[PDB]
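In structure tokens, one chain follows: the form deposited in one PDB entry.
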């Protein structure tokens, strides 16, 4: 996709999500920590907590290494975070409904962590004002 077509896709998605669902795509810094940034914004309201989220995700995986060693979209990290925060994680992909949902412990289904996954492996935070 040409840079102009890419920007058209991004703009269409932001508008559709705002108009159809009332959600806002909050831009996270575009580094390799963007998944943890988006979750940090969802949980703490502040992407600066990204390294703490990552630390806690890694702590959770290590603690549960017997289970997670079965398995070694960021599926492993997303399951860990949904379980650890006891909230589902909903992943939007140029979509106004989630493409998939990590259920966590199947509690707090009305308060999901919502993230959007974009071109070039980037995640943003999907906020319900």
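Numbering follows the first chain given and starts at 1. Between two forms, the rigid core is the largest collection of C-alphas that superpose within 1.5 Å.
Another form exists, deposited in another entry; not displayed. Remarks below refer to it.
Core-superposed comparison between this form and the one not shown: CA of residue 14 displaced by less than 2 Å. Whereas the shown form places them at one spacing, the Cα atoms of residue 123 and residue 44 lie at least 3 Å farther apart in the other form. Relative to the displayed conformation, the Cα-Cα distance from residue 121 to residue 83 grows by 3 Å or more in the other form.
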